[PDB]
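Trainee: what's the 3D shape of this:
(8 chains, ligands or ions: 3)
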Amino acid sequence: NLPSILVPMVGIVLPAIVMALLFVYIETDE
Amino acid sequence: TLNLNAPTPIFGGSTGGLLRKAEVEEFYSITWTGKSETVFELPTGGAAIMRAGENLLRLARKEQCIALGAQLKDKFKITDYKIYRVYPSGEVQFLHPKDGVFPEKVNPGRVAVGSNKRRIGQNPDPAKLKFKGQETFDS
Amino acid sequence: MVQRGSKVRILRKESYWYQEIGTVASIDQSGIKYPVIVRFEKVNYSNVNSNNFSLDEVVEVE
Amino acid sequence: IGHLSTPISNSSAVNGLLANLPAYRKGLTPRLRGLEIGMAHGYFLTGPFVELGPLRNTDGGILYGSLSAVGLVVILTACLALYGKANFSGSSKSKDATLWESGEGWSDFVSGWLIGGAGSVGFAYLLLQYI
Amino acid sequence: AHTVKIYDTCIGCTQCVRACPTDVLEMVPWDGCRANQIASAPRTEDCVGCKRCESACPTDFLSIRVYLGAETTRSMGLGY
Amino acid sequence: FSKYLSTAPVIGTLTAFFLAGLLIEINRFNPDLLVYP
Amino acid sequence: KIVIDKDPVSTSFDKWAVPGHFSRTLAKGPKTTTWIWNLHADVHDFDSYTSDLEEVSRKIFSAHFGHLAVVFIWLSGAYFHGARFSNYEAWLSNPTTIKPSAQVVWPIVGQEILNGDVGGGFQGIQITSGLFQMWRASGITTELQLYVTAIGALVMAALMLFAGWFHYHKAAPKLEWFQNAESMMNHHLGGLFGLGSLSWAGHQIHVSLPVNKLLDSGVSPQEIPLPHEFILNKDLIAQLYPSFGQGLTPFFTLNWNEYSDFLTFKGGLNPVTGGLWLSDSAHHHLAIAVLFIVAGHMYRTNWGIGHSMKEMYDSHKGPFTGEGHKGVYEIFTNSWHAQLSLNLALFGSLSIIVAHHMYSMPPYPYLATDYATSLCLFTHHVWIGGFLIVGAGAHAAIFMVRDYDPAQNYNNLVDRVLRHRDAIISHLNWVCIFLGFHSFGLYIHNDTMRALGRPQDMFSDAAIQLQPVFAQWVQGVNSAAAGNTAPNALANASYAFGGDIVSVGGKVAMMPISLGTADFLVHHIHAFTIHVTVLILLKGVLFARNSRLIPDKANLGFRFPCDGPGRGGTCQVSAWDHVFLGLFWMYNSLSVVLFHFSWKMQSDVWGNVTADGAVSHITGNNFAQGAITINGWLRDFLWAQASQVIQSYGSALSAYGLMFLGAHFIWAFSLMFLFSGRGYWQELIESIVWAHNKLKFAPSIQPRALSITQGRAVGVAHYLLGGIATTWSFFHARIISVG
Amino acid sequence: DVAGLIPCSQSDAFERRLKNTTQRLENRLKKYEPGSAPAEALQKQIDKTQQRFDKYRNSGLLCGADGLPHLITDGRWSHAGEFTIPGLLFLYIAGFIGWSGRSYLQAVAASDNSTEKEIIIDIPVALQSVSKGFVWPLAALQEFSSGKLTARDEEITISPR
Ligand code: CLA
Ligand code: CLA
Ligand code: CLA
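Mentor: Numbering: from 1, shown residues only, chains lettered A, B, ... in the order given. Ligands and ions are numbered 1, 2, ... in the order given. Take a look at the structure below.
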């Protein structure tokens, strides 16, 4: 069932990855 | 020349002063000679005591070594103070008085950096420097 | 030429007193630029009443 | 000076816990001193989940409750490594070269934390659901 | 850092120089009369933008002007 | 003494007194002046 | 020693034409319109212009007499209106049904429905100030007695105002007289406080106790004898509590147990009237008399003996405190602002204790069951009590900028507080946030589990319980003290801790207020908002001189709007802005205390008791399972109990419904000033003073904007006026209807 | 008959207010003494509603289905007393407040120190200034035609551009 499996992926698990890699882009210096 | 270590005034206190920035970048110091044993409010809390001295105190920033001198000269009539900014972790020793004389007074040989030879309505318009790297307020 | 004790108008458009009446106080009769010391009836924001103007900046409503 | 002289600043009996915890300690390798942290924080984290949870009175409360405890630790070793990418850009060399000033062992701290952060977690689930 | 410009309407009153809390400004000899003085900003890297200076210029419209620019650790007044 | 009566707040209330004093007696006199009769 | 200057300033109406004659810059004339607001702020700011510590004190000693006058004028206004325009004489015949009414409205354009059918033979506004129960307690029976008090106050009103003239314009004292704090405490404890309660014991025994014991039997207001007749007639008084036949002779052989009849320790509620037994308050004020009189022979004067306070503070110093209280006596003789802050804190905090000790131990007959009044003296004195603490935080900060001296105060306690001021604030910062999460976040948890339909997951009594075990053990041990640890008390200190209920008429005087999970949940919100109001006010006092950010905040004054947009921005760095900020938090701190109190009483405590024996309360015990969520706080308290204030139209409550809208208006008006700034509203004058110059009539005083602080100060002054007068109108038109 | 309202001398709408005004107050007056002091405050009160309604029946008010007299400002002379005649009463007093300070601030600003004279309201000038404000519908007409009412736009201070 997509309603019982997708909403932790896109409510949590995909926000866990993008907000990681957003923060990872921020503090980077040359 | 800093003369570190010059004897600091007998203090013992102050949670509010010289934290971890001073051990990674750019702390400060101020030198003067106390002509009595009078007490003064620090920028941290208030007291130290002015020694005979050789009186040095590693303050936090530039603003605190300038505002101490404007508090020293009025209350205690001492215009001998000689601020610094430190060695290895800092940039330039002897930040004030930069000329040896006090730079509120005028003195031959100084440079007029940051003068615009106009009035401020006589500045160019920001409609006139569109996609041009010339600063609007700059000569 | 503008002498002391004259009523002016203001063409300094960057001022608060712009196009208002000022009764001048003095002229510095040496070469320092903007010499027209113009007292006003009205006071500005930061509480001054007089200001240096240019001789090219003052008029002779009289 | 910089600090203040109370009668209880820098007292011995609290410094004996301070300079002997497995983060300020002397000889431990950064693979290993992250284990003693991960063994520590993991064992209690399944405390709140199993007696304060959405289901508490089921088969079923310690089991599911303790999945979230290791389910929390995996968000922590993530947050440890994003601290590793952002504070240690190449582990830029600093004044002490601890585990904490200059990095040099951070993914050995991170991997050491996850061992007890799953190991101590289910050990309590052993000690709660059984025993 | 902030940009501090000094316009030619300065009357060498020295009020501005004595207002700066971080000693960013100084009076320098003027050549249009060789008797008066104009303010200068040789240390704009320490300007915090407090604007205490502009509050000291007596002239009807500032001879010294503070245009806020790039912020830095020094300009933000951080003791940390 | 009467120069104190000339100052701003005493005259900003005593003329506020009779002017509000005029509206209040005429309503007690002539109630409900809604339309011009 | 009493040393005086004789007439330093004479009686002239000539300085009345110059406003700002006290000052320097304002005794020259206005040039902008802010000079009016520059004037009217620093009028009673006495050390702003005066440098003379002796002369600045002589103004304060005079102005207090004038403030003593204006209360006496206001007191006579209560006492005068209590005779002519009140139903007081009718109310003493029947205290249960007729509502206390004064301030009768004139018969004009439509406010004559505010003189509603209140009772007796009377038409007026039903009042809730409790003067009727304060005059019934005082022994007043006729309405002549209320008249002669008013003139008797008005002559004291005039005598106080002349005394302020006599002691500044005629006989000005000196500073060495002012600084004698030890002789001042001797008298103020002795004369004012010792002979205060003794004289009120001298009133209450000979006057109040006979005519209030008779009205419990209730023979008649007319058939009670006049209060002077109980001193003349020896037989008439000794009919009841017959110790006056023994006279003062048991009092003078130390056989004091013969006065076990009027000077007692009954200790409950008088069950006919619901108030405290006035026998006890006679023994109270007698014990307060001897305790305060022996408190007043303690400090040193010109007779050698006594404790001297400069000797006591020295040698109160320990190893964690360095110099201890060295020089702290030298503060409180040298700074009025340091005195006003400490005098204000324990004056407002005192009044919150008055609000707490008056609803749980109702002192007055027929004040307890009259729910119109027993509420309104809680919430008034609470409201006064928070404003004085904010004033205590203000003048504490004013002491730091202008009066505090680091030369005298080396290594002592003001030095060691200022030298650790981050450890105070940052631990205070943590306990603020910890309290907000674990009190308010327990409501947001409770909001969601009711919204998600999971009442097994919320924090309630039938749920995860958060039991207040400390406030139930304290409520236990105080309710089981009459007989164990207070044996001579008949019943307990109050019926609020434990015991049976009491009824007067058909309404409950007092019953044990119970503390469950919903009472634990609200008491930590009080603990949260008080700690934040501390945190705003404490940071304003401590960082008043300097900080890390600005090292010379002491030079910029107490009340300066900002240091500009430097360092990222320094808007509201001053100590005055901290007092400005704490005012809303004190508005937030207290308004939830009232919302706790006024809802807990209506649902659990107040209500109508059957003649069978049980109590059906007003809002019906909803505080248990309704008060744990915000929606229950919104529906079942705010939405539901405001049903009578907006339905007030066409009734005698219709002035309250206008104010309940009228305070909603002003509160909205204050948002205009807090959310905006100066440099917008200044440039709208420039287009408008253009237009008034355009038609050749422009004012020579050129208009300017308000100052930023005055923009801030008018934004908070209309906020509180809009917010409290909403609560003032809500609390009135709720409890007048259902009580 | 201009916006769908009966002239409410004939209306059942305006009359269904009068009964439940007088029945509310008689039920407030029933339990009183006929010789009491509130009783004349409840007998004269209904009379105050009685003079009001018999002022409204005669004036030709347009009352709707509610019984409330509504106002019609398109101004016709058939409904001119509602707004227009209290409009001319407003404007004639408004210029008296308009010209008085206008004639004052011309008369004190043409003196030595008018900044004080905004604080002190000078009866030697203010009674002199309302004397100019009494001819205000005639004075301003010969002040605009003589041009000394307004000023040109280089006399009035101009914010920069
Ligand atoms: C929109 C995405 C989303 C989803 C799908 C959920 C889902 C859940 N939340 Mg919610 N939550 C969310 C966003 C989300 N949350 C946000 C944004 C907030 C902040 C407002 C919250 C605040 C919140 C609180 C306070 C709580 C929850 C709880 C829960 C759980 C209730 C049922 C349960 O515990 O079964 C019982 C089953 C278990 C406890 C075990 C299930 C599997 C766990 C989660 C993982 C096991 C480890 C796994 C192998 C690896 C980690 C997973 C991770 C990497 C994604 C459910 C899993 C409750 C809870 O039980 O927390 C765990 C709870 O107390 N949530
Ligand atoms: C010692 C504290 C104290 C207390 C609890 C009382 C209590 C009472 N007074 Mg009394 N009174 C007192 C001292 C006290 N008095 C003093 C010192 C004076 C002279 C100023 C008076 C003059 C006086 C008059 C004229 C009248 C009363 C009346 C009353 C009763 C009404 C309710 C009330 O006043 O609120 C309770 C007040 C408080 C809880 C605050 C107490 C304030 C004092 C200054 C505290 C002193 C500090 C103390 C040593 C430590 C306690 C700290 C804190 C817990 C309070 C009540 C029994 C009225 C009455 O007769 O009712 C029938 C009345 O008309 N009192
Ligand atoms: C209702 C509006 C509101 C709220 C929520 C806040 C909140 C706060 N104020 Mg503020 N304040 C307000 C209005 C408000 N204020 C107004 C109108 C003023 C103008 C007078 C101020 C002026 C003011 C001052 C002067 C101060 C505060 C301080 C505080 C903080 C206090 C400590 C605390 O409780 O932390 C805990 C936080 C809360 C209780 C907020 C609610 C959090 C919920 C319950 C939990 C979050 C749920 C979930 C996890 C959220 C994320 C979900 C998502 C990621 C999926 C807190 C953040 C003080 C401060 O900073 O002290 C340290 C302080 O000194 N405020």
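Trainee: residue B:61 touches residue E:77, doesn't it?
Mentor: Yes - look at residue B:61 against residue E:77 with C-beta atoms under 8 Å: they come within range, at 6.3 Å. To be clear about C-beta, it is placed using only N, CA and C from the backbone, and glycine gets the same treatment.
Trainee: what's the overlap in contacts for these two?
Mentor: Common contact partners of residue B:61 and residue E:77 (C-beta atoms under 8 Å, 6 or more residues apart in numbering or on different chains): residue G:548.
Trainee: so the residue nearest the centre of chain C bridges to which residues?
Mentor: Centroid-nearest residue in chain C, with C-alpha atoms, centre = their mean: residue C:38, separated by 3.2 Å. Taking DSSP bridges as the rule, residue C:38 bridges to residue C:24, residue C:51.
Trainee: chain D contacts on chain B?
Mentor: Listed as neighbours of chain D in chain B under the rule C-beta under 8 Å from any C-beta of the partner chain: B:8, B:11-15, B:17-19, B:22-24, B:58.
Trainee: between those residues, which sits nearest chain E?
Mentor: residue B:19 (5.6 Å; C-beta to the nearest C-beta).
Trainee: secondary structure element holding the nearest residue to the closest one once chain neighbours are set aside?
Mentor: The shortest distance from residue B:19 to any non-neighbouring residue, by C-beta to C-beta, 6 or more residues apart in numbering or on different chains, is to residue E:80 (5.6 Å). Using DSSP states H and E, residue E:80 maps to neither a helix nor a strand.
Trainee: ok, residue E:80 - how many residues close by?
Mentor: 10 (other C-beta atoms under 10 Å in any protein chain shown).
Trainee: hang on, isn't it packed against residue B:23?
Mentor: No - judged on C-beta under 8 Å, residue E:80 makes no contact with residue B:23 at a distance of 11.3 Å.
Trainee: from chain F, how far out is residue G:714?
Mentor: Per C-beta to the nearest C-beta, to the nearest Å, residue G:714 is found 18 Å from chain F.
Trainee: returning to that earlier point: ok, the residue nearest to residue B:19 to ligand 1 distance?
Mentor: In this view, residue E:80 and ligand 1 are 31 Å apart by C-beta to the nearest ligand atom, to the nearest Å.
Trainee: so is the closest residue to residue B:122 other than its chain neighbours in a helix, a strand, or just coil?
Mentor: With sequence-adjacent residues excluded and distances taken as C-beta to C-beta, 6+ apart, residue B:122 is closest to residue C:14, at 7.7 Å. Assigned state for residue C:14: coil (three-state reduction, DSSP: H, G, I helix; E, B strand; the rest coil).
Trainee: quick one, phi/psi of residue C:14?
Mentor: The phi and psi values for residue C:14, taken as degrees, to the nearest 10, are phi -90, psi 10.
Trainee: next: residue G:189.
Mentor: Dihedral angles of residue G:189 (phi, psi; degrees, to the nearest 10) stand at phi -80, psi -40.
Trainee: where is the longest helix in the chain?
Mentor: Just going to use chain A. The longest helix of chain A (DSSP state H) is helix A:14-26.
Trainee: I was thinking of chain H, sorry if that wasn't clear
Mentor: helix H:85-107.
Trainee: quick one: is that one near chain F?
Mentor: Yes - legend: contact between helix H:85-107 and chain F by C-beta under 8 Å from any C-beta is shown at H:85, H:86, H:89.
Trainee: from those residues, pick the one nearest ligand 1.
Mentor: Closest to ligand 1 out of the residues of helix H:85-107 next to chain F is residue H:86 (60.9 Å), distances taken as C-beta to the nearest ligand atom.
Trainee: residue 14 - how many residues pack around it?
Mentor: This is for chain A. Neighbour count of residue A:14, defined by other C-beta under 10 Å: 12.
Trainee: looking at chain H here, not the other one
Mentor: Neighbour count for residue H:14, taken as other C-beta under 10 Å: 22.
Trainee: who's in contact with the closest residue to chain D within chain A?
Mentor: Across chain A, no residue is closer to chain D than residue A:27, which sits at 3.7 Å (C-beta to the nearest C-beta). Contacts for residue A:27 (C-beta under 8 Å, 6+ apart) come out as D:85, D:86, D:87, D:89.
Trainee: among the residues you listed, name the ones in helices.
Mentor: Members of the contacts of residue A:27 lying in helices (criterion: DSSP H): D:85, D:86, D:87.
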